[PDB]
RNA sequence: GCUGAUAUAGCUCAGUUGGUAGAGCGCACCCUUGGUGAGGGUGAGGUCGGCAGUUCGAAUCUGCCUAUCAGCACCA
RNA sequence: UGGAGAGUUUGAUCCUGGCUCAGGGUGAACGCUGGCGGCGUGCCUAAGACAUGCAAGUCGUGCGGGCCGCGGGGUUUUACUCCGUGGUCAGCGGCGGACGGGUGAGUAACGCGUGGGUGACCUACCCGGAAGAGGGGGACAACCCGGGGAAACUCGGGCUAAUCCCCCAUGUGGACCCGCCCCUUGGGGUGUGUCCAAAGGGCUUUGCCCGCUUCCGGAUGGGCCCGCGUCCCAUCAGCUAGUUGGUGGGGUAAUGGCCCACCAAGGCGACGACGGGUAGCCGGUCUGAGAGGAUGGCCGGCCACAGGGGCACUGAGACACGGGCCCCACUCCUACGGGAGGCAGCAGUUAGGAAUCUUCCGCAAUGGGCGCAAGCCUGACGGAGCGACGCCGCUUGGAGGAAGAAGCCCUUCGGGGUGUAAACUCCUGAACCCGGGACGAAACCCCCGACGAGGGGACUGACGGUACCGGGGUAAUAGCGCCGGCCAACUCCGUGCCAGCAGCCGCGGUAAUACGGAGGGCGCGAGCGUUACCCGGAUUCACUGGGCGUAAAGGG
Ligand SMILES: C/C=C\C=C\[C@@H]1O[C@](O)([C@H](CC)C(=O)NC/C=C/C=C(\C)[C@@H](OC)[C@@H](C)[C@@H]2O[C@H](/C=C/C=C/C=C(\C)C(=O)c3c(O)cc[nH]c3=O)[C@H](O)[C@@H]2O)[C@H](O)[C@H](O)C1(C)C
Ligand SMILES: Nc1nc2c(ncn2[C@@H]2O[C@H](COP(=O)(O)OP(=O)(O)O)[C@@H](O)[C@H]2O)c(=O)[nH]1
Ligand SMILES: [Mg+2]
Ligand SMILES: [Zn+2]
């Protein structure tokens, strides 16, 4: 009746999730990131962006977001962030971003 | 990948394959890249195989996979031989 | 394996010929693994044709008589002699059918000294009245109705555990014995009249009918000669008897023949499938006939050239013009003749083939092709 | 197929004496010698100025019917004789000469055209080595047509091959009479071919 | 393959009430023409779809069968 | 190197002009007749519905067990069954199902065609080069036990190994915020900071072998974009609100209104917008002297669709032919609680129709998938079958053979035609009978040599016991159309504007070359006629190449 391609489906619902999570982590990361980079959390702001960069790239390591997929999200995270650490911030903990 | 197979030209029972380069996924007698030489099975005519050596090599120096019998028609065509 | 023989029932309506048929199978399944109907004793294989046993349907019942080696006159205990019986009985001689085994069914009904043996008197007396073994006939006793419900309880029962169960063998023993198996000359070409026509998923047109000569198998060229257009040559791709594949299916087995790539129109009844070159369409032909006398049930008057009755060849029923050769005029009954027929429909003839000449719900004459005019 | 039938009836009709039967069609009775007129019931009464058409029809037929080539080939072969660089006059005619069987006939071997054809359809003929049975096989320069061996001792091959002693072959063909060979030195010529045919008309018959 | 209905002169189509089968449109030979129309003349025929049985009497009651029209006859 | 004409308006003539014939083309059909082979080709309608079979799998050289048979019994025996080793059944994990194949429904469209741009981009496997591959934790299947259940299956808990998964270093390197430099749409280099690498499998084990990580260069195939070209209706005239642009975001591999907020009001249109019809486009195809006209089916190229409609996951790649999620129409099972199904893949049924194929043989070749290989899967493919559908090749006989049978038909009764035609005599010998009997097939592999070059060896053929060769050898199918003219081909009879013919003009009303048969004759031949449809002739939509004072046409 059936074909061993379902093999290719179950083998999906899996990765189908494996990267879904890695995804929604960067989202809940980024939000919770800029969410503080604009408030004035210089230190404990980059802290997150430096954490993000990490979680984002590793995603790249897989079939999830690839190539520019993250190279993109970065140039906006640290982009957006710093463009907030100017509402009277000064990148205290010069963790990820650079002067 | 990019291989070096053959295309079945010639009537029924009357083959006349054509040695050529083409992105594997193509259809046998399907559009290919550039021609390299021919082959006549029944060996009718002492002119039943040529292969543009010079050209045959370029395609390899850049990564071209021949067939198993394509490998051969080249072996008969002394392509790897370098002395 | 076990020799095969196409059989059936006959008789007057409501007697039970239709249901006796029910009993015959069933039972035969207990002591026989893997079991028109099909059942098989522990000695033979079998084909049965419950006839419609009723006026009107006769026309396809007679074609049912042509298709059998033996008739099973069924009769009721409470009843006995009956009109439809007297009828579906003389037609037993006309259309071959050698030997006849009467089964007094409903046996289990109103007791009586005579009756039981008084009925065998209205039988045996009515049997010789038609020049048959009216004296030495296998008359069995044991209502099949009643036995057909004993096997329904539990689908397994050997050699008669319920009286009537064994009384079903009085037949399953009286028919094996008594009624031998004739020849079906396979050394001849091929041939076999068409009874009906079916259609199927992937297959298509299948032909039902008895094989007369030789044998067929997948990969054989054949001719479909039988009225309309012209003979149609086709290859047989399906040879299955009784719902299951028959390998070479010879003469004496009504299998379904699948004629490659055809339609269900080009293959209607009264046709014939034979060896490419066996039989051809012929509309005019000589033939020595036997006008059936008035005392034999047929014409009680006679006729004159120009008459036009109906001839029944094999499994057909057609109308032709009788052109009596100069001098041949008012040829009365009980008389044999020799004239010609000109069927209004081209038909499959092979010179020296038997046929009859009827008219008006009665048999009028017996003929056999002599030579073919056209 | 290639007609097959009364052919000394066309000796008539076209009224330009023909010899498709060879020996007899060559005697004092080519059928033509007794009836210079078309067959049929009438055949000998006034004639309407044959239409510009007509003419061309007789001219073709005259030729096409002078070989055995059934239209289909002839007109087909005609076409080939067009594209071919050069006058359609010669060429075609030549092209009609290139016929293996004809050639045979052209080179003794057989008494008439209709005969040379059977010779090819039975094996008796053979070219530069291997043998041929296609009346259609077209002959090329320097190719010699040879009789087979199994036949050489045949009653017919005899007499027929005898008619050579003395007579000479067409100026584009040779002949080893004893070794039955003779080559095809070159596509014959308009003048060489003394045929009762006005090619230039047969041509005109196909533009319309 | 089972029934049901329709089968009436060349065509339309009347009817009966079991018994010497109608109407007109047409149509055939006339006189006339070149031929026809028209005009004046003369009429001459129905296998009641077909083969067959019943009656003293068969197109009307019986039986069969043929072209055609309508039907949950109809997968070895 | 290339152009041909006529029949028809008259009492007759010339002019305009419509119609029509002679030509060539066809995936055809219908009629009558039908012997062969090879090469082609074979639903043009219902993108209708499909009882069955087969189309996509392959790795133990990624890993761990189930299991059937063999090595040696842990100890000392059956015990903690440990291990040597090949089949085998799923499961895990990998590359592959996104090509091959099928169809044209849709679509007037940057869809296709074509020439370009990408400083706006991707690409598995494939070769070149640079650097590497050190340590670490764990889950779920398989399996064992318990359950619901008609079933399809599936729920609970418990171990378990990996090239499956996550964390650290490692930073040759690449990705990002920012600053400088040369360059100019995001390309190239440079400094600080941040951020990511990774798997072991095989045997002959400090060395090969297929892999892994990141980087870069090459190749191949792609996405997007642009000028240009792309059918009819104007009795269709105005069309638009995410509509036109901006700004900042989301999303993307990437540009962009693609999407969304904000503003501004634009954008398009007689150079034909908006709407309606039709239709997959080209390479090409038929015709034509050419220019044009008509066309887009065999094969290739691009696109589109996979029962109808929507969608996302997986991945380099699809929003997925034979995978998934849902709605719908419809079919099948049903323990009536919830399952199952898409042949526009191959073979075939049926429905419609004027009409279009075998439930096939083989993987030997070729080609594609997976592997170290062996080799396995392959209805793509290579062959075969049916169909005069087409083309080309072939036969039904060849040479004799009468002032001229017979029969049939005209007949100025003298005699003329069928007719050398037949008969007959030679001869050849399609078939049928006999034996031999193919190439296509040489490599993966093995051996010397490093699995290099090179050299050496072997197995392997579905069509086939067919083709072709040699031997023997029987005279052995013919049919259709037409004969007043256009147009090759004439007479007798029957018929009496009746029966009937007819592409056009027209024939038939008691002599018919025209109706019907006959004799005869002409074209063609397994074909030949008819119908349908494209071009031509038609300078008859005219550029080539026309016309408008009365023929068609000047606008009052
Ligand atoms: C009859 C239908 C189809 C026949 C088909 C073919 O018949 C056959 O051609 C056949 C070949 C011989 C054939 O021609 N049959 C054709 C003919 C065959 C005739 C044969 C034999 C006879 O002999 C003279 C035979 C019956 C004979 O008659 C006697 C009977 C007399 C009866 C009088 C009636 C009586 C009292 C009566 O109450 C009565 C009645 O019966 C009917 C109606 N109303 C009545 O009131 C006696 O019984 C003898 O035995 C082949 O068999 C074919 O193979 C076939 C089967 C295809
Ligand atoms: N008394 C009795 N009646 C039976 C028997 N068999 C059948 N019948 C009844 O007889 C009648 C007709 O039966 P059926 O088989 O149809 O007879 P058919 O007319 O020959 O087909 C029905 O009522 C049956 O049930 C039997 O053995 N005995
Ligand atoms: Mg059944
Ligand atoms: Zn002559």
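Numbers and lists here come from the model and the stated rules, or from a named source; nothing here is a laboratory result. We place every Cβ from the backbone using ideal geometry, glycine too, and count neighbours over all the protein chains shown.
With the condition kept exactly as written, say whether any residue in the range C:266-285 is part of a loop (DSSP other than H, G, I, E, B), over 24 Å from the mean Cα position of the chain (by Cα) and closer than 18 Å to residue C:358 by Cβ. No, the range C:266-285 contains no residue that is part of a loop (DSSP other than H, G, I, E, B), over 24 Å from the mean Cα position of the chain (by Cα) and closer than 18 Å to residue C:358 by Cβ. Filtering D:140, D:158 for residues that are more than 14 Å from every other protein chain (Cβ to nearest Cβ) and in a helix (DSSP H, G or I) leaves a single hit, D:158.
Select from the range C:20-37 the residues that are in contact with a helix residue (DSSP H, G or I) (Cβ under 6 Å, 6 or more places away or on another chain) and either within 16 Å of ligand 4 (Cβ to nearest atom) or closer than 17 Å to residue C:150 by Cβ (or both) and list them in ascending order. Selection gives C:20, C:23, C:26, C:27. Of the residues making up the range C:216-240, those that are crowded, with 19+ Cβ neighbours inside 10 Å and near RNA strand E (Cβ under 8 Å from one of its atoms) number 2.
Any residue that is within 12 Å of RNA strand E (Cβ to nearest atom) and farther than 14 Å from residue C:191 by Cα - is there at least one of those in the range C:272-292? Checked the range C:272-292: no residue is within 12 Å of RNA strand E (Cβ to nearest atom) and farther than 14 Å from residue C:191 by Cα.
Residues in the range D:18-30 include none that are within 28 Å of residue D:182 (Cβ to Cβ), out of contact with any strand residue (DSSP E or B) (no Cβ under 6 Å at 6 or more places or on another chain) and assigned to a helix (DSSP H, G or I). Of all the criteria given as (1) part of a loop (DSSP other than H, G, I, E, B); (2) within 16 Å of RNA strand F (Cβ to nearest atom), the one not satisfied by residue C:352 is (2). For residue D:112, the conditions (1) surrounded by fewer than 20 Cβ atoms within 10 Å (Cβ to Cβ); (2) farther than 20 Å from residue D:180 by Cβ; (3) near RNA strand F (Cβ under 9 Å from one of its atoms) all hold with the exception of (2). Restricting attention to the range C:318-333, which residues are surrounded by fewer than 19 Cβ atoms within 10 Å (Cβ to Cβ) and either within 15 Å of RNA strand E (Cβ to nearest atom) or not in a loop (DSSP other than H, G, I, E, B) (or both)? Matches in the range C:318-333: C:318, C:319, C:321, C:323, C:324, C:328, C:329, C:330, C:332.
Of all the residues in the range A:13-63, those that are surrounded by 12 or more Cβ atoms within 10 Å (Cβ to Cβ), over 18 Å from residue A:75 (Cβ atoms) and within 9 Å of RNA strand F (Cβ to nearest atom) number 6. Residues that are part of a loop (DSSP other than H, G, I, E, B) and more than 14 Å from chain A (Cβ to nearest Cβ) are absent from the range C:113-128. Scanning the range D:11-43 for residues that are more than 6 Å from RNA strand F (Cβ to nearest atom) and either assigned by CATH to the domain that holds residue D:105 or exposed (fewer than 11 other Cβ atoms within 10 Å of the Cβ) (or both) turns up just one, D:28. Among the residues of the range C:2-24, is any in a loop (DSSP other than H, G, I, E, B) and within 13 Å of the chain's Cα centre (by Cα)? So far as the range C:2-24 goes, no, none of its residues is in a loop (DSSP other than H, G, I, E, B) and within 13 Å of the chain's Cα centre (by Cα).
For the range B:51-71, the set of residues classified as in a loop (DSSP other than H, G, I, E, B) and over 9 Å from the mean Cα position of the chain (by Cα) consists of B:52, B:62, B:63, B:64, listed by residue number.
Any chance the range A:7-30 includes a residue that's more than 14 Å from chain C (Cβ to nearest Cβ) and closer than 22 Å to residue A:87 by Cα? Taking every residue of the range A:7-30 in turn, at least one turns out to be more than 14 Å from chain C (Cβ to nearest Cβ) and closer than 22 Å to residue A:87 by Cα.
Here's the yes/no breakdown for (1) at positive phi; (2) within 16 Å of ligand 1 (Cβ to nearest atom):
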position	(1), (2)
C:3	no, no
C:9	no, no
C:23	no, no
C:34	yes, no
C:49	no, yes
C:56	yes, yes
C:79	no, no
C:108	no, no
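Is it the case that residue C:90 is away from ligand 1 (no atom under 16 Å from the Cβ), in a helix (DSSP H, G or I) and more than 14 Å from chain A (Cβ to nearest Cβ)? For residue C:90, the condition - away from ligand 1 (no atom under 16 Å from the Cβ), in a helix (DSSP H, G or I) and more than 14 Å from chain A (Cβ to nearest Cβ) - is not met.
On the given criteria, is residue C:79 over 27 Å from the mean Cα position of the chain (by Cα), surrounded by 15 or more Cβ atoms within 10 Å (Cβ to Cβ) and not in a helix (DSSP H, G or I)? Here the answer is no, as residue C:79 does not meet what is asked. Taking the range C:243-253 as the search range and keeping residues that are more than 19 Å from residue C:271 (Cβ to Cβ) and surrounded by 17 or more Cβ atoms within 10 Å (Cβ to Cβ), which one is nearest to ligand 4 (Cβ to nearest atom)? Among them, the one singled out is C:250.
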